[PDB]
file structure-v4.txt (compact mmCIF, C-alpha atoms and all ligand atoms)
# COMPACT_ATOMS: atom_id res chain seq x y z
CA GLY U 1 113.96 98.80 79.60
CA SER U 2 111.58 96.61 81.60
CA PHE U 3 112.76 94.08 84.17
CA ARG U 4 111.05 91.51 86.37
CA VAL U 5 108.75 94.05 88.01
CA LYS U 6 104.97 93.87 87.64
CA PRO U 7 103.03 97.08 86.78
CA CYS U 8 99.27 97.58 87.00
CA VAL U 9 97.02 95.99 84.38
CA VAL U 10 93.67 97.72 84.82
CA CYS U 11 95.43 100.80 83.46
CA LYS U 12 98.65 99.33 82.08
CA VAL U 13 99.58 102.99 82.05
CA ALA U 14 100.85 103.03 85.62
CA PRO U 15 103.26 100.97 87.77
CA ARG U 16 101.51 100.74 91.14
CA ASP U 17 101.03 103.24 93.96
CA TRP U 18 103.63 102.90 96.71
CA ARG U 19 104.03 103.95 100.29
CA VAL U 20 106.93 103.94 102.87
CA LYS U 21 106.79 101.72 105.95
CA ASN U 22 109.49 102.47 108.53
CA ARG U 23 112.69 101.79 106.58
CA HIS U 24 110.59 99.57 104.34
CA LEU U 25 108.89 100.34 101.03
CA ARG U 26 105.27 99.37 100.39
CA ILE U 27 103.94 98.83 96.89
CA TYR U 28 100.44 98.08 95.81
CA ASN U 29 98.99 95.71 93.21
CA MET U 30 96.81 98.47 91.77
CA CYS U 31 97.42 102.18 91.22
CA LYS U 32 95.53 104.76 93.27
CA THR U 33 92.95 105.09 90.50
CA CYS U 34 92.39 101.43 89.71
CA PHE U 35 92.81 100.84 93.44
CA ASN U 36 89.70 102.85 94.20
CA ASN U 37 88.11 101.33 91.13
CA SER U 38 89.24 97.93 92.34
CA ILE U 39 86.85 98.58 95.18
CA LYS U 40 84.23 98.96 92.51
CA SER U 41 85.29 96.40 89.95
CA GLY U 42 87.55 94.41 92.25
CA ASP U 43 85.29 94.71 95.27
CA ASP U 44 87.34 91.86 96.73
CA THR U 45 90.20 90.94 94.39
CA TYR U 46 93.66 91.94 93.16
CA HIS U 47 93.94 93.24 96.72
CA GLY U 48 97.63 92.79 97.55
CA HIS U 49 100.76 94.77 98.43
CA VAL U 50 104.59 94.13 98.63
CA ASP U 51 106.87 95.44 101.32
CA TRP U 52 110.59 95.89 100.80
CA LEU U 53 113.05 95.87 103.69
CA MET U 54 116.52 97.34 103.90
CA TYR U 55 117.64 93.74 103.61
CA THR U 56 114.84 91.49 102.32
CA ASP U 57 111.68 91.65 100.21
CA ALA U 58 108.23 90.43 101.25
CA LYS U 59 104.78 89.82 99.80
CA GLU U 60 101.37 90.10 101.45
CA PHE U 61 98.56 89.16 99.08
CA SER U 62 95.86 86.66 100.03
CA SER U 63 95.42 87.54 103.70
CA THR U 64 91.74 86.80 104.35
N1 LIG U 101 96.02 100.18 95.93
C1 LIG U 101 96.01 98.89 96.43
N2 LIG U 101 96.18 97.83 95.59
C2 LIG U 101 95.99 96.57 96.00
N3 LIG U 101 95.77 96.30 97.29
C3 LIG U 101 95.68 97.30 98.22
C4 LIG U 101 95.83 98.65 97.81
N4 LIG U 101 95.75 99.41 98.92
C5 LIG U 101 95.43 98.66 99.94
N5 LIG U 101 95.47 97.34 99.57
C6 LIG U 101 95.31 96.20 100.47
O1 LIG U 101 94.95 96.65 101.81
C7 LIG U 101 96.14 96.60 102.64
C8 LIG U 101 96.88 97.94 102.63
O2 LIG U 101 96.34 98.79 103.64
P1 LIG U 101 97.59 99.38 104.48
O3 LIG U 101 98.07 98.36 105.43
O4 LIG U 101 98.79 99.75 103.46
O5 LIG U 101 97.12 100.70 105.27
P2 LIG U 101 98.26 101.01 106.37
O6 LIG U 101 97.89 102.23 107.12
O7 LIG U 101 99.67 101.24 105.62
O8 LIG U 101 98.38 99.76 107.38
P3 LIG U 101 98.84 100.36 108.81
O9 LIG U 101 97.77 101.22 109.35
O10 LIG U 101 99.11 99.14 109.83
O11 LIG U 101 100.19 101.22 108.62
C9 LIG U 101 97.01 95.47 102.08
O12 LIG U 101 96.74 94.24 102.75
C10 LIG U 101 96.64 95.42 100.59
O13 LIG U 101 96.52 94.06 100.14
ZN ZN U 102 96.20 101.03 87.40

call {"tool": "encode", "arguments": {"input": "structure-v4.txt", "output": "structure tokens"}}
result
Amino acid sequence: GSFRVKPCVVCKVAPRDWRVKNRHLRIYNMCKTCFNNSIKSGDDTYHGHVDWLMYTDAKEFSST
């Protein structure tokens, strides 16, 4: 069933919104709902996304 992926937690009912970046796939650390809420609750946390390339995977969390 599950693997090594990491789904949302604020909802635990959703994986994590995703977007497409030129040949690459962009995932988010929080779903669209919790994402907006993250702005509320999170304000400045859990803010992170993962980009997948047609060859390698990447992470872009703590950017500051
Ligand atoms: N739902 C989310 N969950 C967690 N973090 C998010 C979420 N959405 C945005 N972020 C944070 O804000 C940034 C994402 O904004 P994003 O870069 O995807 O807009 P963009 O339009 O795709 O960028 P660009 O304009 O260069 O294409 C990331 O650094 C990420 O950490
Ligand atoms: Zn969520």

call {"tool": "residues_near_ligand", "arguments": {"input": "structure-v4.txt", "ligand": "ligand ZN 102 (chain U)", "cutoff": "8 Å", "atoms": "all atoms listed in the file", "output": "PyMOL selection string"}}
result
chain U and resi 7-16+30-35

call {"tool": "write_last_selection", "arguments": {"input": "structure-v4.txt", "atoms": "C-alpha atoms", "output": "tab-separated table (two decimals), in the coordinates of the input"}}
result
chain	number	residue	atom	x	y	z
U	7	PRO	CA	103.03	97.08	86.78
U	8	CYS	CA	99.27	97.58	87.00
U	9	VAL	CA	97.02	95.99	84.38
U	10	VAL	CA	93.67	97.72	84.82
U	11	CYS	CA	95.43	100.80	83.46
U	12	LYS	CA	98.65	99.33	82.08
U	13	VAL	CA	99.58	102.99	82.05
U	14	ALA	CA	100.85	103.03	85.62
U	15	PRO	CA	103.26	100.97	87.77
U	16	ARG	CA	101.51	100.74	91.14
U	30	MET	CA	96.81	98.47	91.77
U	31	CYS	CA	97.42	102.18	91.22
U	32	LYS	CA	95.53	104.76	93.27
U	33	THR	CA	92.95	105.09	90.50
U	34	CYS	CA	92.39	101.43	89.71
U	35	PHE	CA	92.81	100.84	93.44

call {"tool": "closest_atom_pairs", "arguments": {"input": "structure-v4.txt", "of": "chain U", "to": "ligand LIG 101 (chain U)", "cutoff": "10 Å", "atoms": "all atoms listed in the file", "output": "Markdown table"}}
result
| residue | atom | partner | partner_atom | distance |
| --- | --- | --- | --- | --- |
| U:8 | CA | U:LIG101 | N2 | 9.1 |
| U:16 | CA | U:LIG101 | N1 | 7.3 |
| U:17 | CA | U:LIG101 | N1 | 6.2 |
| U:18 | CA | U:LIG101 | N1 | 8.1 |
| U:19 | CA | U:LIG101 | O7 | 7.4 |
| U:20 | CA | U:LIG101 | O7 | 8.2 |
| U:21 | CA | U:LIG101 | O11 | 7.1 |
| U:22 | CA | U:LIG101 | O11 | 9.4 |
| U:26 | CA | U:LIG101 | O4 | 7.2 |
| U:27 | CA | U:LIG101 | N2 | 7.9 |
| U:28 | CA | U:LIG101 | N2 | 4.3 |
| U:29 | CA | U:LIG101 | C2 | 4.2 |
| U:30 | CA | U:LIG101 | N2 | 3.9 |
| U:31 | CA | U:LIG101 | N1 | 5.3 |
| U:32 | CA | U:LIG101 | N1 | 5.3 |
| U:33 | CA | U:LIG101 | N1 | 7.9 |
| U:34 | CA | U:LIG101 | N1 | 7.3 |
| U:35 | CA | U:LIG101 | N1 | 4.1 |
| U:36 | CA | U:LIG101 | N1 | 7.1 |
| U:37 | CA | U:LIG101 | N1 | 9.3 |
| U:38 | CA | U:LIG101 | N2 | 7.7 |
| U:39 | CA | U:LIG101 | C1 | 9.3 |
| U:42 | CA | U:LIG101 | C2 | 9.5 |
| U:44 | CA | U:LIG101 | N3 | 9.5 |
| U:45 | CA | U:LIG101 | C2 | 8.2 |
| U:46 | CA | U:LIG101 | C2 | 5.9 |
| U:47 | CA | U:LIG101 | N3 | 3.6 |
| U:48 | CA | U:LIG101 | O13 | 3.1 |
| U:49 | CA | U:LIG101 | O13 | 4.6 |
| U:50 | CA | U:LIG101 | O13 | 8.2 |
| U:51 | CA | U:LIG101 | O4 | 9.4 |
| U:59 | CA | U:LIG101 | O13 | 9.3 |
| U:60 | CA | U:LIG101 | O12 | 6.3 |
| U:61 | CA | U:LIG101 | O13 | 5.4 |
| U:62 | CA | U:LIG101 | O13 | 7.4 |
| U:63 | CA | U:LIG101 | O12 | 6.9 |
| U:64 | CA | U:LIG101 | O12 | 9.1 |

call {"tool": "residues_around", "arguments": {"input": "structure-v4.txt", "residues": "residue 54 of chain U", "least_positions_apart": "4", "cutoff": "9 Å", "atoms": "all atoms listed in the file", "output": "PDB file with C-alpha atoms, in the frame of the given file"}}
result
ATOM      1  CA  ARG U  23     112.690 101.790 106.580  1.00  0.00           C
ATOM      2  CA  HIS U  24     110.590  99.570 104.340  1.00  0.00           C
ATOM      3  CA  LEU U  25     108.890 100.340 101.030  1.00  0.00           C
TER       4      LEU U  25
END

call {"tool": "axis_aligned_box", "arguments": {"input": "structure-v4.txt", "around": "segment 21-38 of chain U", "padding_each_side": "3 Å", "output": "lines of an AutoDock Vina configuration file"}}
result
center_x = 100.4
center_y = 100.4
center_z = 99.1
size_x = 30.6
size_y = 15.4
size_z = 24.8
